[PDB]
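Down below is the structure, laid out as structure tokens.
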Amino acid sequence: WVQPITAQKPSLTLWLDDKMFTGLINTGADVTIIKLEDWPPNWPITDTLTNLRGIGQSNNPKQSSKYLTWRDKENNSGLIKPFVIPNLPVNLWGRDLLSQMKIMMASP
Amino acid sequence: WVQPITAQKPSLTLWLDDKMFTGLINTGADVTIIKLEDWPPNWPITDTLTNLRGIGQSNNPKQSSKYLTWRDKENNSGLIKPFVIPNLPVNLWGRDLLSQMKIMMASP
Amino acid sequence: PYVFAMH
């Protein structure tokens with residue numbers, strides 16, 4: 001597939017284990033973040049030592065206890081262990097995921 | 001040009017007006033942000049009433065008073081008005097700039 | 001505007 005970068009949010013819809021998620025393509029972070037409001041309550045999460053550096057403020061996220069199988073619409077797949085944080089407006093697909101999908105950025 | 005998305009920071013070096021800057025390609029950012037530490041002291045900045053939102057929130061950040069001419073190594077060019085913020089680890093190229101460079105995201 | 005470089 002091909003998607004231009006415009007002023008609109010670059011979005012991607014995929015499955016993590018058995019549930020469909022939509023998120024924002026975020027090349028700025030090497031990690032993936034799922035909003036707590038979208039996280040299935042029966043999926044275990046754990047405390048981490050990672051600090052996500054924000055806009056003049058650092059948040060300490062939970063992280064998925066298990067690796068999750070991601071799968072896209074073309075049936076490519078792999079594994080990621082996303083972080084889980086409240087009060088985020090959208091899920092954020094980071095470069096850990098984007099690199100497994102072998103996404104390129106190209107210009108004419 | 002083509003740049004794969006990997007675990008390493010996807011980087012871009014450009015001129016803004018007459019100065020060279022390196023920054024992180026961040027499809028997750030709506031706007032471009034230059035580090036205060038890198039901002040030439042004679043370039044005017046102005047107050048804004050906007051709010052930058054992500055992991056936390058930065059209220060009324062400063063912004064370049066003037067539009068800046070961006071230019072890449074192939075002499076493509078355009079205009080951008082970045083925000084200027086202290087305590088940022090890297091300059092951030094946002095979609096306001098990336099959309100002017102006609103960048104696509106693609107998978108094999 | 002929204003700004004997602006956390007790590």
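Each protein sequence line maps, in turn, to chains A, B and F.
For what it's worth, the deposited numbering labels the leading residue of the first sequence as 1, then goes sequentially.
For what it's worth, the deposited numbering labels the leading residue of the second sequence as 1, then goes sequentially.
For what it's worth, the deposited numbering labels the leading residue of the third sequence as 1, then goes sequentially.
Just so it is clear, CB atoms sit at the ideal spot from N, CA and C, and this is done for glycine as well.
Shortest alpha-carbon distance to residue i belongs to which of the options?
| i | options | result |
| --- | --- | --- |
| residue 77 of chain B | B:59, B:86 and B:98 | B:98 |
| residue 53 of chain B | B:5, B:2 and B:61 | B:61 |
| residue 67 of chain A | A:58, A:47, A:88 and A:43 | A:43 |
| residue 10 of chain A | A:46, A:51, A:89 and A:93 | A:93 |
| residue 21 of chain B | B:95, B:90 and B:96 | B:90 |
| residue 47 of chain B | B:100, B:63, B:29 and B:96 | B:63 |
| residue 23 of chain B | B:88, B:107, B:100 and B:103 | B:88 |
| residue 45 of chain A | A:51, A:34 and A:55 | A:34 |
Mind checking residue i: buried by the 16 CB within 10 Å criterion, or exposed?
| i | result |
| --- | --- |
| residue 41 of chain B | exposed |
| residue 7 of chain A | exposed |
| residue 49 of chain B | exposed |
| residue 26 of chain A | buried |
| residue 32 of chain A | buried |
| residue 105 of chain A | buried |
| residue 3 of chain F | buried |
| residue 58 of chain B | buried |
What residues match up with residue i in a beta bridge as DSSP calls it?
| i | result |
| --- | --- |
| residue 29 of chain B | F:3 |
| residue 86 of chain A | Per DSSP, none; premise fails for residue 86 of chain A. |
| residue 4 of chain A | B:104 |
| residue 70 of chain B | B:16 and B:78 |
| residue 93 of chain B | B:25 |
Give the secondary structure of residue i by DSSP, where H, G and I count as helix, E and B as strand, and everything else as coil.
| i | result |
| --- | --- |
| residue 98 of chain B | helix |
| residue 47 of chain A | strand |
Near-chain C residues of the segment 29-50 of chain B - C-beta to any C-beta below 8 angstroms
Absence of chain C from the displayed structure is noted, the protein chains being A, B and F.
Counting beta carbon pairs with one atom in the segment 33-47 of chain A and one in the segment 68-83 of chain A, are three or more of them shorter than 8 angstroms?
yes
Check whether the segment 8-26 of chain B and the segment 65-74 of chain B touch, using three or more Cβ-Cβ pairs below 8 angstroms as the test.
yes
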